[PDB]
Structure formats: C-alpha cells, structure tokens
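A.B. asks: Before anything else, here's the structure in question.
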Amino acid sequence: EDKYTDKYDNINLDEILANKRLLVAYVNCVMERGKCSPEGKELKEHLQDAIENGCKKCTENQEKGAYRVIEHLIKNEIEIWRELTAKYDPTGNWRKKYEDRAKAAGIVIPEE
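Numbering-wise, the sequence shown is residues 1 to 112 according to the authors' numbering.
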C-alpha cells in the first residue's frame with residue numbers, strides 16, 4: 001500500500017523507459033487492445049492516481065520522473081500523445097506542458 005519502495009515514488013519506471021519493448025508494450029496497453037490494459041493497469045492505475053489530476057498533493061519528484069519520461073517517450077516515438085487520446089485525454093492540463101515541448105523540438109504525434 002503506497003509504501004516507499006526503491007527511491008521516491010516510481011513503479012519500476014526504469015523497465016518502462018529501458019526500451020521501446022516495454023515503453024511500447026505499456027503504450028499499447030493504454031489502448032486496451034487485449035492482455036495489455038489489465039497488465040499495465042497497475043501502472044496506469046497508480047499513474048492516473050498520482051501523475052496528472054490524481055495526487056496534486058503528492059511530493060513533486062513524480063512530476064519530474066514523469067516529464068523526463070514524457071520527453072524520452074516523446075522522442076522515442078511520440079506515442080505518448082497517442083496514449084493521451086486513449087487515456088488522460090479529459091485532463092488536458094498537465095500534458096499540455098508535456099506537449100508544448102514537442103512544439104519547440106518538433107517531435108509531434110505521427111498523424112499521417
């Protein structure tokens with residue numbers, strides 16, 4: 001239950017950003033295609049509850065690791081926005097900053 005686990009509040013954030021195999025798998029899970037959503041549901045359940053409109057009261061580190069993951073995933077394959085449309089869409093407040101960066105860099109959703 002919450003606990004402290006390794007370092008600050010992070011769910012093996014490493015394995016999720018270690019390679020597209022996991023970053024994509026999770027991103028694919030966000031689409032609830034099958035045998036993926038439920039699996040990553042833990043990370044999505046803990047994320048939506050923490051990151052973004054979920055735990056504004058939380059410390060702050062989470063916000064850092066997140067953005068870092070947003071900047072990394074953004075360039076990794078800007079699949080983020082894709083997951084955003086599938087989840088965290090109604091939010092449209094925090095990710096806005098996460099997207100603003102993609103504007104300064106150029107890396108934007110591969111919308112055809």
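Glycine is no exception: its CB is placed at the ideal position from the N, C-alpha and C atoms.
By how many angstroms is the C-alpha of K64 removed from the C-alpha of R101?
C.D. replies: So the alpha carbons of these two residues sit roughly 14 Å apart.
A.B. asks: Using DSSP with H/G/I as helix, E/B as strand and the rest coil, what is residue 152?
C.D. replies: Missing from the structure shown is residue 152; the chain here goes from 1 to 112 and no further.
A.B. asks: Less than 7 Å separating the beta-carbons of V27 and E83?
C.D. replies: Contact flag set, yes.
A.B. asks: Quick test of your reading: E52 and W94, contact by CB under 8 Å. State the CB separation rounded to the nearest angstrom.
C.D. replies: Confirmed, Cβ separation roughly 5 Å.
A.B. asks: To the nearest angstrom, how far is it from the Cα of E15 to the Cα of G40?
C.D. replies: If you take the alpha carbons of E15 and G40, they lie about 12 Å apart.
A.B. asks: Apart from the five residues just before and just after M31, which ones in its own chain have a Cβ nearer than 6 Å to its Cβ?
C.D. replies: Result list for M31: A86, in chain order.
A.B. asks: Buried or exposed for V108, please, with buried defined as at least 16 other CB atoms from any protein chain shown within 10 angstroms of its CB.
C.D. replies: With fewer than 16 other Cβ atoms within 10 Å, it is exposed.
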